[PDB]
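> part one of the complex, left exactly where it sits:
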Amino acid sequence: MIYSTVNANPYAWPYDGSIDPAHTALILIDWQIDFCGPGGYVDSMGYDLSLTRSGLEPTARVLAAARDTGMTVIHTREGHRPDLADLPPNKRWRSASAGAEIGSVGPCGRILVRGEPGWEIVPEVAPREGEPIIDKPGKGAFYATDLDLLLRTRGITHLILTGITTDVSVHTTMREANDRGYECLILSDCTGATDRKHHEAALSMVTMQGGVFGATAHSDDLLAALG
């Protein structure tokens, strides 16, 4: 009912020496076809989907352990209002430049638009009632959302991060959370990027200055702490 530290890089996580489920949230970031599925945004830009998809089954196991421990669980979906009123023109222009324009029709509907097949959370990690979903127009889950209000009213102080991609939406969310004083763990095997060297360097960045953004861990080490 109170858990020990996780074997983590570069310190035994978290810093206060124990994980309380009543103050800990598992975050699942952007597990959507647009980031890890055929026909979606990342696929249409020519990136290797095996680099993102490897995180899925490890994440499913960590989601069951969080449900079993009564951790809070929060899901994120990167996406835009169908009218695109939350889409900066630079973001739109780059997506067109990369051959996968946000709001344009691809094999999985309108790219990164809320309500579209490619925007949905994949079945492997489907949310259930009582696990709030953040709909974010940005990479960072804090910006232009109610996330911080959801975390503060639940008294959350500790975040465990899974999702995609490691260097983009996961790292942005970790950095925003860290600046607010949240104690964050990132799971090396439940994340993935458009480039394996970016995945590795993003985990590596976390570990400097005695853990500038938190700690990294394998899901095996978290499942071990959770019993």
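Nice, thanks for sending it over. Numbers count the residues shown, from 1 in each chain, chains lettered A, B, ... in the order given.

> rest of the way, CA atoms for contacts and neighbours
Noted.

> leaving out chain neighbours, which residue sits closest to the residue positioned nearest the centre of chain A?
Central residue of chain A (Cα atoms, centre = their mean): residue A:29, 2.3 Å from the mean position. Spatial nearest neighbour of residue A:29, excluding adjacent residues (Cα to Cα, 6 or more residues apart in numbering): residue A:163 at 4.2 Å.

> which helices and strands sit right next to the helix or strand hosting the one you found?
Assessed by DSSP states H and E, residue A:163 sits inside strand A:158-164. Other helices and strands packing on strand A:158-164, by 3 or more Cα pairs under 8 Å, 6 or more residues apart in numbering; DSSP states H and E, are strand A:24-29, strand A:183-192.

> isn't the residue nearest to residue A:29 right up against residue A:32?
No: contact criterion Cα atoms under 8 Å: residue A:163 and residue A:32 do not qualify, at 9.4 Å.

> could you give the number of residues near residue A:88?
Residues near residue A:88, counting by other Cα atoms under 10 Å, number 11.

> how much space between it and residue A:118?
Separation of residue A:88 from residue A:118 (Cα to Cα, to the nearest Å): 20 Å.

> just residue A:97 next, same as before
Look at residue A:97 and residue A:118: by Cα to Cα, they are 20 Å apart.

> ok, those two, which is more surrounded?
More crowded of residue A:97 and residue A:118, by other Cα under 10 Å: residue A:118, with 26 against 11.

> just the CA atoms of the longest helix seen in chain A, as PDB, please.
Across chain A, the helix with the greatest residue count (assigned by DSSP state H) is helix A:56-69. Listed next in PDB are the C-alpha coordinates belonging to helix A:56-69 (Å, rounded to 0.1, in the frame of the first residue of the first chain):
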ATOM      1  CA  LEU A  56       2.900  -0.600 -26.500                       C
ATOM      2  CA  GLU A  57       2.900  -4.100 -24.800                       C
ATOM      3  CA  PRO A  58       5.300  -2.900 -22.000                       C
ATOM      4  CA  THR A  59       2.900   0.100 -21.500                       C
ATOM      5  CA  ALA A  60      -0.200  -2.300 -21.400                       C
ATOM      6  CA  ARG A  61       1.600  -4.200 -18.500                       C
ATOM      7  CA  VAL A  62       2.400  -1.000 -16.600                       C
ATOM      8  CA  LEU A  63      -1.300   0.200 -17.100                       C
ATOM      9  CA  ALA A  64      -2.600  -3.000 -15.500                       C
ATOM     10  CA  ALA A  65      -0.100  -2.600 -12.500                       C
ATOM     11  CA  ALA A  66      -1.300   1.000 -12.000                       C
ATOM     12  CA  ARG A  67      -5.000  -0.100 -12.100                       C
ATOM     13  CA  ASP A  68      -4.100  -2.900  -9.600                       C
ATOM     14  CA  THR A  69      -2.400  -0.400  -7.200                       C
END
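
> throw chain B onto that model:
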Amino acid sequence: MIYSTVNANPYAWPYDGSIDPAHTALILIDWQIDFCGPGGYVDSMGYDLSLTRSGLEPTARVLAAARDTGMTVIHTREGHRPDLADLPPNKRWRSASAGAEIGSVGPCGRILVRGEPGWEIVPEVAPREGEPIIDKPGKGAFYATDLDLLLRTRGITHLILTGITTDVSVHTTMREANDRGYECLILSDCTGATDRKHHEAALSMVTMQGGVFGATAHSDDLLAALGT
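Placing chain B onto the earlier chains gives this:
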């Protein structure tokens, strides 16, 4: 005077195809002894200061052009209130773990405390009157500050980013800006990290997906586009 695009990775920056100094700000991030000087935070943790100091002279040249062209200039200092009311305990404990506890007395005073010698902006990139200084308790310049009010008040839409470190305060500040729709350039030779691989990987991360966080460039290509 408006200027054409910078030769950048992965697109000719900015996306809208001109640089207007009325709408552009040069950001100098955390050029402090604590991040690039003997006796400070980063030195005390045992990292190599030459990795952070190489960006100083190139930054001073970009600062000269930015003041030349009439674009706004904004400076940042990472630091805490002397009473540490703005210091999360996890940030404090990790700094102790690394051998350089925030608030502890080092060779340049209380480490990362506002008012202390190690927290001062180094003279090579000293601020002038009318160039606002951001005091931030975090790595991101937008969290717990007035930066967004300063930028919206001057009508800024475009940021040129310099300072340290590439993968920590610079990247966080770039990520925060980018999500609000600021168009951002990061200068490869005017930034630096506690690790060369982290600096290089931080620059490259920007360039993916057609420029997910904006674009990278050498100060040479910025100074060419400005006609300096």
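
> check the neighbour count of residue A:88 one more time with chain B there.
By other Cα atoms under 10 Å in any protein chain shown, 17 other residues sit near residue A:88.

> with adjacent residues omitted, what lies nearest to it?
residue B:181 (5.1 Å; Cα to Cα, 6 or more residues apart in numbering or on different chains).

> residues contacting that neighbour?
A:88, A:89, A:90, A:91, B:157 (Cα atoms under 8 Å, 6 or more residues apart in numbering or on different chains).

> could I get the residues you listed as TSV with secondary structure?
Below are these laid out as TSV (DSSP: H, G, I helix; E, B strand; the rest coil):
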residue	secondary structure
A:88	coil
A:89	helix
A:90	helix
A:91	helix
B:157	coil
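
> and those residues, which two are the farthest apart?
A:91 and B:157 (13.4 Å; Cα to Cα).

> ok, residue A:148 to chain B distance?
13 Å (Cα to the nearest Cα, to the nearest Å).

> let me fix that: residue A:147
Residue A:147 is 15 Å from chain B, where distance means Cα to the nearest Cα.

> cool, residue A:151 as well?
To chain B, residue A:151 is 17 Å away according to Cα to the nearest Cα.

> do the same with residue A:85
Distance of residue A:85 to chain B, given as Cα to the nearest Cα: 12 Å.

> between the longest helix of chain A and strand A:24-29, how many degrees?
Compare the direction of helix A:56-69 with that of strand A:24-29 by axes from the mean of the first three to the mean of the last three Cα atoms, to 10 degrees and you get 150 degrees.

> parallel or antiparallel, which strands does the strand holding residue A:163 pair with?
According to DSSP bridges, strand A:158-164 forms sheet pairs with strand A:24-29 (parallel), strand A:183-192 (parallel).

> keeping just the C-alphas, turn the longest one into CSV.
What follows is the C-alpha trace of strand A:183-192 in CSV, where atoms were taken according to Å, rounded to 0.1, in the frame of the first residue of the first chain:
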residue,chain,number,x,y,z
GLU,A,183,8.7,14.2,-9.3
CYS,A,184,8.9,12.3,-12.6
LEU,A,185,10.0,8.8,-13.8
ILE,A,186,10.3,8.0,-17.5
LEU,A,187,10.2,4.3,-18.5
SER,A,188,12.8,3.6,-21.2
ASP,A,189,10.9,0.6,-22.7
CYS,A,190,7.4,2.3,-22.7
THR,A,191,8.6,5.2,-24.9
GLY,A,192,9.9,5.5,-28.5
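
> next up, chain C:
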Amino acid sequence: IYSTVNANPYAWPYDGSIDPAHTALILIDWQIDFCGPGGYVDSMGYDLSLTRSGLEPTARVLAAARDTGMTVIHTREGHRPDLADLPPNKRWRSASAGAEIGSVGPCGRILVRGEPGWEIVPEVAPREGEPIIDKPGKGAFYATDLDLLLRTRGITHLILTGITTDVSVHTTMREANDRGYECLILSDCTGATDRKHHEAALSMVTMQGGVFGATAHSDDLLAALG
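To build on what is shown above, here is chain C added in:
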């Protein structure tokens, strides 16, 4: 580009004209929960005629904003059906006033997203291209994307309608003003649970040369728009 409005206490806006391309009409919380029988405000026993008098004037201002092509944004106060965005003090006060957020009344669960009492009333129904803000608080900025929507469209100027004058409208004006938005509040397109609070909310705006912006009757805006 349109002329200034005959406003209190200066000719609004401060920069001397209204550009539809930089102006948004905001319609705040026109929901059965705030102005309709069977909703939150009715359940607390407040007088609905105080809130409902602003409706037909708002409809008229909504038509003039649509005709001039300015941005239109609507707000709905409401909570996630799981109530993860509901502070315990807000819930507790609502229970205390005999209309608990989430409790079932004639119009479904009070102040819950998806429920009949939460919907925007038809007299000011939104149309395509008019973004709706879903807010868990009185202020339209807190825990929403409102500021992203406005900044992306280049909005500098807000015209404020909706209910109530002293709660959600005043909070939203105070938030927008502090960010440097130039705000007009329409006296006849707002209403409160108390006439004195309505009038006092409006005069608070007019102090110190217009501390939060300016007040106007919809007639004065429509005269400016014509």
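
> and the neighbour count of residue A:88, now that chain C is in?
22.

> related to what we said a few turns ago, how far does the longest helix of chain A sit from its chain's centre?
In terms of Cα atoms, centre = their mean, to the nearest Å, the centre of helix A:56-69 is set 14 Å apart from its chain centre.

> cool, and stretch A:133-143?
With Cα atoms, centre = their mean, you get 10 Å for stretch A:133-143.

> distance check, residue A:211 against chain C.
Going from residue A:211 to chain C by Cα to the nearest Cα gives 29 Å.

> repeat for residue A:199
Separation of residue A:199 from chain C (Cα to the nearest Cα) stands at 29 Å.

> over to residue A:3?
The gap separating residue A:3 from chain C is 25 Å, by Cα to the nearest Cα.

> quick check: bridge partners of that residue?
Applying DSSP bridges to residue A:3 gives these bridge partners: residue A:19.

> can you check residue A:74 too?
Going by DSSP bridges, residue A:74 is paired in beta bridges with residue A:27.

> repeat that for residue A:186.
Here residue A:186, judged by DSSP bridges, has bridge partners residue A:161, residue A:216.

> which residues of chain A lie near chain C?
Contact residues (Cα under 8 Å from any Cα of the partner chain) of chain A with chain C: A:83, A:85-89, A:129-130, A:132, A:143-150, A:153-154.

> try it again at 10 Å.
Proximity of chain A to chain C (Cα under 10 Å from any Cα of the partner chain) is limited to residues A:81-89, A:129-133, A:136-137, A:142-154.
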